[PDB]
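> This is the content of structure-v4.txt (compact mmCIF, C-alpha atoms and all ligand atoms):
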# COMPACT_ATOMS: atom_id res chain seq x y z
CA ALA N 91 16.14 6.41 -1.48
CA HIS N 92 14.64 9.36 -3.37
CA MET N 93 13.48 12.42 -1.41
CA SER N 94 10.65 14.54 -2.81
CA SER N 95 10.29 18.28 -2.22
CA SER N 96 6.54 17.96 -1.76
CA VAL N 97 4.02 15.78 0.04
CA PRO N 98 0.43 15.20 -1.13
CA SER N 99 -2.54 16.36 0.85
CA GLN N 100 -4.18 13.71 3.00
CA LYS N 101 -7.40 15.66 3.61
CA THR N 102 -10.51 13.50 3.30
CA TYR N 103 -12.75 15.15 0.71
CA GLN N 104 -16.02 13.74 -0.60
CA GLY N 105 -16.51 16.54 -3.12
CA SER N 106 -19.52 17.11 -5.33
CA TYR N 107 -19.99 13.42 -6.18
CA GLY N 108 -19.89 12.00 -2.64
CA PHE N 109 -16.70 9.99 -3.18
CA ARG N 110 -15.49 7.73 -0.39
CA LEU N 111 -13.91 4.36 0.28
CA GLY N 112 -15.37 1.41 2.09
CA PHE N 113 -14.18 -2.03 3.07
CA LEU N 114 -16.23 -5.22 3.20
CA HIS N 115 -16.34 -6.83 6.65
CA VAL N 122 -7.58 -14.15 6.01
CA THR N 123 -5.29 -12.44 3.50
CA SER N 124 -6.48 -8.91 4.29
CA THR N 125 -8.61 -7.30 6.95
CA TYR N 126 -9.58 -3.70 7.64
CA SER N 127 -9.77 -2.12 11.10
CA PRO N 128 -12.43 0.62 11.24
CA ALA N 129 -11.19 1.78 14.66
CA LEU N 130 -7.67 2.30 13.31
CA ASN N 131 -8.70 3.11 9.70
CA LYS N 132 -6.02 0.61 8.80
CA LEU N 133 -5.76 -2.18 6.28
CA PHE N 134 -3.74 -5.22 7.33
CA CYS N 135 -2.76 -7.49 4.48
CA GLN N 136 -0.38 -10.18 3.31
CA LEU N 137 2.32 -9.69 0.72
CA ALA N 138 1.11 -9.57 -2.89
CA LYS N 139 -2.42 -10.70 -2.02
CA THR N 140 -5.65 -9.21 -3.31
CA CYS N 141 -7.00 -6.32 -1.25
CA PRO N 142 -10.54 -5.37 -2.36
CA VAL N 143 -11.40 -1.72 -1.78
CA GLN N 144 -14.92 -0.49 -2.49
CA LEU N 145 -15.33 2.94 -4.10
CA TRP N 146 -18.60 4.79 -3.54
CA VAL N 147 -20.22 7.84 -5.11
CA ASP N 148 -23.58 9.50 -4.58
CA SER N 149 -23.72 10.80 -8.16
CA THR N 150 -22.01 9.79 -11.38
CA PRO N 151 -18.78 11.74 -12.06
CA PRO N 152 -18.23 13.18 -15.55
CA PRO N 153 -16.62 11.08 -18.30
CA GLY N 154 -12.86 10.84 -18.25
CA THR N 155 -12.39 10.52 -14.50
CA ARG N 156 -9.66 8.37 -13.02
CA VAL N 157 -8.89 6.85 -9.62
CA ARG N 158 -5.31 7.18 -8.42
CA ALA N 159 -3.62 5.32 -5.55
CA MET N 160 -0.37 6.51 -3.96
CA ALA N 161 1.48 5.58 -0.78
CA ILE N 162 3.26 8.00 1.56
CA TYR N 163 4.98 7.46 4.87
CA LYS N 164 2.75 8.42 7.78
CA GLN N 165 5.44 10.05 9.96
CA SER N 166 6.45 13.61 9.12
CA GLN N 167 10.20 12.90 9.23
CA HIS N 168 9.69 10.29 6.49
CA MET N 169 6.97 11.94 4.41
CA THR N 170 9.34 13.24 1.72
CA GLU N 171 10.82 9.79 1.12
CA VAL N 172 9.24 8.12 -1.91
CA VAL N 173 7.54 4.88 -0.88
CA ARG N 174 8.86 2.10 -3.10
CA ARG N 175 9.82 -1.53 -2.99
CA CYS N 176 13.03 -2.59 -1.34
CA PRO N 177 15.94 -3.22 -3.70
CA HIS N 178 15.84 -6.99 -3.24
CA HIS N 179 12.18 -7.31 -4.19
CA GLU N 180 12.67 -4.87 -7.08
CA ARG N 181 15.63 -6.83 -8.48
CA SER N 182 14.01 -10.23 -7.96
CA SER N 183 10.86 -9.23 -9.84
CA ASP N 184 9.81 -11.28 -12.85
CA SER N 185 8.68 -8.05 -14.59
CA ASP N 186 6.09 -10.20 -16.39
CA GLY N 187 3.05 -8.00 -15.84
CA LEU N 188 2.08 -4.38 -16.16
CA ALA N 189 3.58 -3.04 -12.96
CA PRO N 190 7.17 -1.75 -13.01
CA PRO N 191 9.16 -3.72 -10.43
CA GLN N 192 9.82 -0.77 -8.13
CA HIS N 193 6.15 0.06 -7.49
CA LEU N 194 4.75 -0.88 -4.09
CA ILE N 195 1.05 -0.71 -5.08
CA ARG N 196 -0.36 -2.70 -7.99
CA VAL N 197 -3.88 -3.01 -9.35
CA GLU N 198 -4.94 -6.58 -10.13
CA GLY N 199 -7.36 -7.66 -12.83
CA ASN N 200 -7.59 -4.50 -14.93
CA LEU N 201 -5.78 -4.30 -18.27
CA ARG N 202 -6.38 -0.53 -18.45
CA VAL N 203 -4.27 0.32 -15.37
CA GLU N 204 -1.48 2.84 -15.88
CA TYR N 205 1.60 3.07 -13.67
CA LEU N 206 2.95 6.59 -13.14
CA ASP N 207 6.34 7.93 -12.04
CA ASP N 208 6.03 11.66 -11.48
CA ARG N 209 8.69 13.51 -13.20
CA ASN N 210 8.79 16.42 -10.67
CA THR N 211 7.64 14.85 -7.37
CA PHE N 212 9.28 11.42 -7.95
CA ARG N 213 6.17 9.73 -6.52
CA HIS N 214 4.84 6.46 -7.88
CA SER N 215 1.14 5.96 -8.36
CA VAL N 216 -1.25 3.62 -10.12
CA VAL N 217 -4.30 4.93 -11.98
CA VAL N 218 -7.46 3.19 -13.15
CA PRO N 219 -9.29 5.21 -15.84
CA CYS N 220 -13.02 5.12 -15.27
CA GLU N 221 -15.11 3.68 -18.02
CA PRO N 222 -18.69 4.95 -18.52
CA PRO N 223 -20.61 2.99 -15.88
CA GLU N 224 -23.75 1.01 -16.56
CA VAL N 225 -26.83 2.80 -15.23
CA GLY N 226 -27.49 3.04 -11.45
CA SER N 227 -23.97 1.86 -10.72
CA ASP N 228 -22.96 3.57 -7.45
CA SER N 229 -20.11 1.35 -6.24
CA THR N 230 -17.21 -0.57 -7.68
CA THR N 231 -14.36 -2.71 -6.39
CA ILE N 232 -10.67 -2.09 -7.10
CA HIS N 233 -8.25 -4.89 -6.22
CA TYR N 234 -4.94 -3.58 -4.91
CA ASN N 235 -1.77 -5.55 -4.18
CA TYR N 236 1.08 -4.44 -1.87
CA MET N 237 4.41 -5.81 -3.06
CA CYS N 238 6.67 -5.45 0.04
CA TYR N 239 6.19 -6.14 3.70
CA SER N 240 6.02 -3.13 5.98
CA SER N 241 9.08 -4.70 7.62
CA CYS N 242 11.18 -5.00 4.43
CA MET N 243 14.42 -3.71 5.86
CA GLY N 244 15.63 -2.23 2.56
CA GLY N 245 12.36 -0.42 1.87
CA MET N 246 9.57 0.57 4.24
CA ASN N 247 11.67 -0.84 7.12
CA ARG N 248 8.83 -0.95 9.68
CA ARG N 249 7.63 2.59 8.94
CA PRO N 250 3.83 2.94 8.66
CA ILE N 251 2.40 4.13 5.36
CA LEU N 252 -0.86 5.70 4.22
CA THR N 253 -2.54 4.88 0.94
CA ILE N 254 -4.21 7.96 -0.53
CA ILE N 255 -6.95 7.33 -3.08
CA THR N 256 -7.98 10.26 -5.24
CA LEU N 257 -10.75 10.73 -7.78
CA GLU N 258 -9.55 13.09 -10.51
CA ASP N 259 -11.34 14.49 -13.54
CA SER N 260 -9.97 14.58 -17.08
CA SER N 261 -8.33 17.97 -16.68
CA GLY N 262 -6.68 16.91 -13.42
CA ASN N 263 -8.90 18.62 -10.88
CA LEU N 264 -9.35 16.81 -7.60
CA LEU N 265 -12.90 15.48 -7.22
CA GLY N 266 -12.46 13.45 -4.04
CA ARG N 267 -9.91 12.00 -1.65
CA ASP N 268 -9.90 9.26 0.98
CA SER N 269 -7.13 7.38 2.72
CA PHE N 270 -6.23 4.54 5.04
CA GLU N 271 -3.13 3.28 6.84
CA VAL N 272 -1.57 -0.01 5.71
CA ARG N 273 0.47 -2.71 7.37
CA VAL N 274 1.70 -5.50 5.10
CA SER N 275 2.80 -8.54 7.11
CA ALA N 276 2.61 -12.31 7.12
CA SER N 277 -0.01 -12.25 9.93
CA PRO N 278 -2.60 -9.57 9.15
CA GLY N 279 -5.38 -10.96 11.34
CA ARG N 280 -3.11 -11.26 14.39
CA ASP N 281 -1.48 -7.88 13.84
CA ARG N 282 -4.90 -6.23 13.57
CA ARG N 283 -5.94 -7.89 16.82
CA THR N 284 -2.69 -6.81 18.47
CA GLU N 285 -2.88 -3.20 17.31
CA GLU N 286 -6.56 -3.02 18.24
CA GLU N 287 -5.91 -4.45 21.72
CA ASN N 288 -3.24 -1.75 22.28
CA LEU N 289 -5.45 1.33 21.82
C1 LIG G 301 -12.72 2.07 -11.78
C2 LIG G 301 -13.34 3.44 -12.07
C3 LIG G 301 -12.27 4.46 -12.47
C4 LIG G 301 -14.14 3.92 -10.87
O1 LIG G 301 -13.62 4.57 -9.99
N1 LIG G 301 -15.52 3.59 -10.74
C5 LIG G 301 -16.25 2.82 -11.69
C6 LIG G 301 -17.57 2.69 -11.26
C7 LIG G 301 -18.61 1.95 -12.00
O2 LIG G 301 -19.79 1.93 -11.66
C8 LIG G 301 -17.68 3.41 -9.98
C9 LIG G 301 -18.70 3.66 -9.05
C10 LIG G 301 -18.44 4.41 -7.90
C11 LIG G 301 -17.16 4.93 -7.65
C12 LIG G 301 -16.14 4.70 -8.55
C13 LIG G 301 -16.40 3.95 -9.71
ZN ZN G 302 10.55 -5.85 -0.03
Kindly return the structure encoded in the file as structure tokens.

Amino acid sequence: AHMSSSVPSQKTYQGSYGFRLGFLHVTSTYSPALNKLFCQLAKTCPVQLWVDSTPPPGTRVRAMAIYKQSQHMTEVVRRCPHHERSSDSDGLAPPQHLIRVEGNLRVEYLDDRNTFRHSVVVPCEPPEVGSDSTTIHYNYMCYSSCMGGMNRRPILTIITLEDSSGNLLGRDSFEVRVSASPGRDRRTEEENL
């Protein structure tokens, strides 16, 4: 219900370190033609992160969702009230956050004091040598159809690589549809282009 007075950039940017996302070829499936991830509710979505060169120490990877349509872009993407209130609040993620990271005890959940946007950050640990790729496991905690939240509006996930002093090192993004039938919905949306 909260309206921001800003919207993040969605410009794909590999930067100096060659940062970009990839998806491995069901509970989730990625459409290259649509650049769109289709997934089930609260199921693991593996996203591969790639670099061509090792970023400096202290980098972090941030994930944030925004609505894709301009008339909704200022609305903060969050869980619907029913899913927020019904949450066990047993883990690390605050119950209002749409995007969680699974399997990483160093994740931090952010609520921006000025923009009102939620995001989830994974701080990068010094990587073992020659290590050019890693997997982050994201979870989406509402359906795209949740009438009290996203309410059938498409969203984009924006993944940014940021250095320790906050400079943007890279950006990539993909559309998301969370539904009970990701494989069928991907087929349907792909057959309609
Ligand atoms: C999870 C961290 C912050 C990260 O983004 N990351 C770790 C490693 C380890 O080798 C990466 C390799 C390529 C991109 C991002 C990587
Ligand atoms: Zn919901």
> Which protein, DNA or RNA residues have an atom within 9 Å of ligand ZN 302 (chain G), counting only C-alpha atoms and all ligand atoms, as a list in words?
residues 174, 175, 176, 177, 178, 179, 180, 194, 237, 238, 239, 240, 241, 242, 243, 244, 245, 246 and 247 of chain N
> Go ahead and save the picked residues with C-alpha atoms, as a CSV table (one decimal), keeping the file's coordinate frame.

chain,number,residue,atom,x,y,z
N,174,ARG,CA,8.9,2.1,-3.1
N,175,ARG,CA,9.8,-1.5,-3.0
N,176,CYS,CA,13.0,-2.6,-1.3
N,177,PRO,CA,15.9,-3.2,-3.7
N,178,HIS,CA,15.8,-7.0,-3.2
N,179,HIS,CA,12.2,-7.3,-4.2
N,180,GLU,CA,12.7,-4.9,-7.1
N,194,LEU,CA,4.8,-0.9,-4.1
N,237,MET,CA,4.4,-5.8,-3.1
N,238,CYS,CA,6.7,-5.4,0.0
N,239,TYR,CA,6.2,-6.1,3.7
N,240,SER,CA,6.0,-3.1,6.0
N,241,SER,CA,9.1,-4.7,7.6
N,242,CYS,CA,11.2,-5.0,4.4
N,243,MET,CA,14.4,-3.7,5.9
N,244,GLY,CA,15.6,-2.2,2.6
N,245,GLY,CA,12.4,-0.4,1.9
N,246,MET,CA,9.6,0.6,4.2
N,247,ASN,CA,11.7,-0.8,7.1
> Name each residue within 6 Å of ligand LIG 301 (chain G), counting all atoms listed in the file, as a ChimeraX atom specification.
/N:145-147,156-157,218-220,223,227-230
> As a ChimeraX atom specification, please: the residues near residue N:279 (cut-off 8 Å, only C-alpha atoms, same-chain neighbours under 6 positions excluded).
/N:122-125,134
> Between N:269, N:211, N:165, N:144, which residue has the minimum interatomic distance to residue N:115, considering all atoms listed in the file?
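Smallest distance to residue N:115 is found for N:144.
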> Just want the 9 Å neighbourhood of stretch 250-260 of chain N, counted on only C-alpha atoms, with same-chain residues fewer than 6 positions away dropped. Output as a VMD selection string.
chain N and resid 98 to 100 109 to 111 132 151 to 165 173 195 240 266 to 273
> For residue N:92, which residue out of N:129, N:197, N:114, N:172 is the nearest one, using only C-alpha atoms?
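The shortest atom-to-atom distance to residue N:92 comes from N:172.
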> Selecting C-alpha atoms, how would stretch 186-284 of chain N from this structure be written as an mmCIF file, in the first residue's frame?

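Output below, filename selection-v2.cif:
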data_model
loop_
_atom_site.group_PDB
_atom_site.id
_atom_site.type_symbol
_atom_site.label_atom_id
_atom_site.label_comp_id
_atom_site.auth_asym_id
_atom_site.auth_seq_id
_atom_site.Cartn_x
_atom_site.Cartn_y
_atom_site.Cartn_z
ATOM 1 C CA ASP N 186 10.320 -18.442 12.345
ATOM 2 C CA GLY N 187 13.189 -17.645 10.001
ATOM 3 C CA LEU N 188 15.279 -14.684 8.979
ATOM 4 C CA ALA N 189 12.884 -13.024 6.571
ATOM 5 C CA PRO N 190 10.428 -10.436 7.900
ATOM 6 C CA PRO N 191 6.911 -11.589 7.026
ATOM 7 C CA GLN N 192 6.157 -8.744 4.633
ATOM 8 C CA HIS N 193 9.051 -9.447 2.247
ATOM 9 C CA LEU N 194 8.182 -11.035 -1.084
ATOM 10 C CA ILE N 195 11.707 -12.278 -1.913
ATOM 11 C CA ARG N 196 13.670 -14.515 0.446
ATOM 12 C CA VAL N 197 17.093 -16.112 0.122
ATOM 13 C CA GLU N 198 17.209 -19.763 1.171
ATOM 14 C CA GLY N 199 20.163 -21.566 2.685
ATOM 15 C CA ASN N 200 22.405 -18.652 3.650
ATOM 16 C CA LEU N 201 22.686 -17.590 7.290
ATOM 17 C CA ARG N 202 24.451 -14.347 6.276
ATOM 18 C CA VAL N 203 21.476 -12.901 4.357
ATOM 19 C CA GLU N 204 20.282 -9.460 5.442
ATOM 20 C CA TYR N 205 16.767 -8.151 4.846
ATOM 21 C CA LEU N 206 16.530 -4.424 4.154
ATOM 22 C CA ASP N 207 13.672 -1.920 4.393
ATOM 23 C CA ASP N 208 14.824 1.363 2.883
ATOM 24 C CA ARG N 209 14.123 4.188 5.118
ATOM 25 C CA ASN N 210 13.695 6.771 2.288
ATOM 26 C CA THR N 211 12.468 4.715 -0.702
ATOM 27 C CA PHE N 212 10.353 2.236 1.340
ATOM 28 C CA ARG N 213 11.609 -0.610 -0.872
ATOM 29 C CA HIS N 214 12.325 -4.064 0.480
ATOM 30 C CA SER N 215 15.390 -5.949 -0.627
ATOM 31 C CA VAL N 216 17.453 -8.944 0.383
ATOM 32 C CA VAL N 217 21.256 -8.850 0.321
ATOM 33 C CA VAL N 218 23.846 -11.627 0.341
ATOM 34 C CA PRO N 219 27.300 -10.352 1.372
ATOM 35 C CA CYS N 220 29.990 -11.924 -0.758
ATOM 36 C CA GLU N 221 32.602 -13.936 1.029
ATOM 37 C CA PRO N 222 36.133 -14.143 -0.440
ATOM 38 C CA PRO N 223 35.735 -16.827 -3.103
ATOM 39 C CA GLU N 224 37.977 -19.849 -3.449
ATOM 40 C CA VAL N 225 40.350 -19.480 -6.388
ATOM 41 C CA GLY N 226 39.065 -19.710 -10.001
ATOM 42 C CA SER N 227 35.491 -19.451 -8.786
ATOM 43 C CA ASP N 228 33.578 -17.642 -11.568
ATOM 44 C CA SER N 229 29.975 -18.628 -10.820
ATOM 45 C CA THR N 230 27.755 -19.180 -7.829
ATOM 46 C CA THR N 231 24.137 -20.089 -7.165
ATOM 47 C CA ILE N 232 21.718 -18.037 -5.059
ATOM 48 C CA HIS N 233 18.441 -19.713 -4.078
ATOM 49 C CA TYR N 234 15.536 -17.271 -4.042
ATOM 50 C CA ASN N 235 11.990 -17.879 -2.797
ATOM 51 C CA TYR N 236 8.895 -15.861 -3.788
ATOM 52 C CA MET N 237 6.369 -15.742 -0.958
ATOM 53 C CA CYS N 238 3.112 -14.687 -2.707
ATOM 54 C CA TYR N 239 1.447 -15.697 -5.924
ATOM 55 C CA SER N 240 1.388 -13.109 -8.681
ATOM 56 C CA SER N 241 -2.396 -13.433 -8.362
ATOM 57 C CA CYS N 242 -2.575 -12.726 -4.603
ATOM 58 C CA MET N 243 -5.494 -10.338 -4.702
ATOM 59 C CA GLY N 244 -4.347 -8.343 -1.673
ATOM 60 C CA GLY N 245 -0.798 -7.924 -2.959
ATOM 61 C CA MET N 246 0.579 -8.233 -6.478
ATOM 62 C CA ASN N 247 -3.005 -8.844 -7.694
ATOM 63 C CA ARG N 248 -2.041 -10.191 -11.142
ATOM 64 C CA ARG N 249 0.418 -7.381 -11.882
ATOM 65 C CA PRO N 250 3.728 -8.531 -13.411
ATOM 66 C CA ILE N 251 6.911 -7.830 -11.483
ATOM 67 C CA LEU N 252 10.603 -7.614 -12.318
ATOM 68 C CA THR N 253 13.342 -8.857 -10.041
ATOM 69 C CA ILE N 254 16.399 -6.609 -10.246
ATOM 70 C CA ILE N 255 19.686 -8.137 -9.108
ATOM 71 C CA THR N 256 22.530 -5.738 -8.402
ATOM 72 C CA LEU N 257 26.179 -6.261 -7.550
ATOM 73 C CA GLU N 258 27.332 -3.484 -5.222
ATOM 74 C CA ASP N 259 30.730 -2.751 -3.733
ATOM 75 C CA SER N 260 31.433 -1.955 -0.084
ATOM 76 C CA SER N 261 30.987 1.783 -0.513
ATOM 77 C CA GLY N 262 27.687 1.291 -2.342
ATOM 78 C CA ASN N 263 28.741 1.860 -5.927
ATOM 79 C CA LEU N 264 26.886 -0.140 -8.531
ATOM 80 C CA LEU N 265 29.130 -2.770 -10.120
ATOM 81 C CA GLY N 266 26.539 -4.624 -12.191
ATOM 82 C CA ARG N 267 22.827 -5.080 -12.777
ATOM 83 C CA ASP N 268 20.633 -7.718 -14.388
ATOM 84 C CA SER N 269 16.935 -8.449 -14.210
ATOM 85 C CA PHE N 270 14.145 -10.824 -15.142
ATOM 86 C CA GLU N 271 10.353 -10.859 -15.018
ATOM 87 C CA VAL N 272 8.626 -13.209 -12.567
ATOM 88 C CA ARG N 273 5.288 -14.973 -12.452
ATOM 89 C CA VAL N 274 4.554 -16.939 -9.281
ATOM 90 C CA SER N 275 1.708 -19.400 -9.805
ATOM 91 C CA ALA N 276 0.666 -22.938 -9.001
ATOM 92 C CA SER N 277 1.380 -24.053 -12.612
ATOM 93 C CA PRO N 278 4.698 -22.568 -13.723
ATOM 94 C CA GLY N 279 5.398 -25.043 -16.524
ATOM 95 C CA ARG N 280 1.953 -24.582 -18.073
ATOM 96 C CA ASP N 281 1.989 -20.811 -17.676
ATOM 97 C CA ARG N 282 5.393 -20.623 -19.355
ATOM 98 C CA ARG N 283 4.075 -22.728 -22.233
ATOM 99 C CA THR N 284 0.970 -20.533 -22.467
#
